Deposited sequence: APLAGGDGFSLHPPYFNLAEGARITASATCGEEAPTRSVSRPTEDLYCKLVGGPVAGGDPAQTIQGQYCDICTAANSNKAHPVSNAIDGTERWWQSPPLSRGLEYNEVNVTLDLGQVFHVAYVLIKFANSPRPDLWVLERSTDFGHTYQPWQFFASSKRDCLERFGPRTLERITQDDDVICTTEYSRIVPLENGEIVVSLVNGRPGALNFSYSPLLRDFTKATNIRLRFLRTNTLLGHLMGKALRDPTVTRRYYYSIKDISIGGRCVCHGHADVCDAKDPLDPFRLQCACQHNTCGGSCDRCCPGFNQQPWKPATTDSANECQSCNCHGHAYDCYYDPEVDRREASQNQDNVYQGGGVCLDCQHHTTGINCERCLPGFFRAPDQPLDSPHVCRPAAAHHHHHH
């Protein structure tokens, strides 16, 4: 048994994108043309050195990498790549960007520099901030590469959580005003501020559905809602996130799949007197439940025993009823009512 994972695809493609400032609308980013979105030049703009491009995704996916591609503009000097696990609230940064290693601590924090030690470490790289390439500049943030977990992902919850997301945001804080226009720019001269802005011509986010290792394909069940995907769950899981077992399969607790075992849901046993059940840890630890083979190696509890039956596996007769010796536990007549005197 091993984990199953649906293919990666471009989360960008069918997402909602927005820009705090814009005048080349935002869409040009996520579409596939050579067109592009472009912020208002520092010229008639004071705080237009701080913009925010935002992508909203349907559900919550696992993001493998965010790739930005700049057009008529050099990469920015200071920006923040942020995600969201809410659908637009408690943001969190993924990585920080700065030209001067000192700028990091000055603008972000003292600790924002230590190398990656723990799967959910943030960081403040420089590399992607050297104005040098001032045209078609590409940045590739890989949320997985490096991290200690990438090795044995399956057993690294921190990473798995670090990579989830609902919204992804590009927070630009300061243009990469380099060369020697500093004085002009600082002074606010319309010969330097009219050649400084932001230009994205493509935002490509590689990610995939979340299925806890119980599915290798997830499509859209409804043609009318082409972007809401649902896992084609396996391992007897259910939920379209495969986060729960299916009716009838609760002998064991639910688990995501690891490299070692599929961890598929086991079927509880109700001697043909029930349609559903639930897992009770106490019962399992107490060894008081029959599995399919009739051994007490589980924790399944039948709900609504039918046929005047009752018990963890509906193996007994409700008090007041008696078991027909001429009948087997599965008979819909196992238990007969009290006879006349």
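*When the deposited sequence is counted from residue 1, which ranges lack any model?*
Gaps in the modelled chain, taken against the deposited sequence, lie at 1 to 7, 31 to 80, 399 to 403.
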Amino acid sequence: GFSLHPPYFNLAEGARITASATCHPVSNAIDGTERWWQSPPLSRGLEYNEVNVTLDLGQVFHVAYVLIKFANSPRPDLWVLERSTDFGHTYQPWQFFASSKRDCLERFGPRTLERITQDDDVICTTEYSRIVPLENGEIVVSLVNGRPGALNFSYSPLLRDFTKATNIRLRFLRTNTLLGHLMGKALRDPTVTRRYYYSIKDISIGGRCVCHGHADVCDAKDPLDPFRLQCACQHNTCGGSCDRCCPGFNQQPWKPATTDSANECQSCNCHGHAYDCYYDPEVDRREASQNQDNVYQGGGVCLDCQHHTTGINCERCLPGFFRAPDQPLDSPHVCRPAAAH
From here on, numbers count along this sequence of modelled residues.
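*So 125 to 133 or 242 to 250, which one's hotter by mean CA B-factor in the entry?*
It is 125 to 133 that shows the higher mean C-alpha B-factor.
_Quick check: 33 to 41 versus 273 to 281, which has the larger average CA B-factor in the record?_
The entry gives the higher C-alpha B-factor average to 33 to 41.
*Which of these, 257, 211, 203, 186, has its C-alpha atom at the highest B-factor, as the entry lists it?*
Among 257, 211, 203, 186, the highest C-alpha B-factor in the entry belongs to 186.
*asked:* Sorting 142, 266, 230, 112 by Cα temperature factor from the record, which one lands on top?
replied: Highest CA B-factor of the listed options: 112.
*Using the B-factor values recorded in the entry, state whether the Cα atom of residue 303 falls in the lowest, middle or highest third among the modelled residues of its chain.*
For residue 303, whose C-alpha B-factor we compare with every modelled residue in the chain, the answer is the lowest third.
_Quick check on the deposited entry: does the C-alpha B-factor of residue 261 sit in the lowest, middle or highest third of its chain?_
Middle third of the chain for residue 261's C-alpha B-factor.
_Could you place residue 82 in the lowest, middle or highest third of its chain by Cα temperature factor, using the values in the record?_
It belongs to the middle third of the chain when residues are ordered by C-alpha B-factor.
*Entry-reported Cα temperature factor of residue 318, expressed as the chain third it lands in*: Its C-alpha B-factor belongs to the lowest third of this chain's values.
*Using the B-factors in the PDB entry, rank residue 329's C-alpha atom against the chain and give the third, lowest, middle or highest.*
Its C-alpha B-factor belongs to the middle third of this chain's values.
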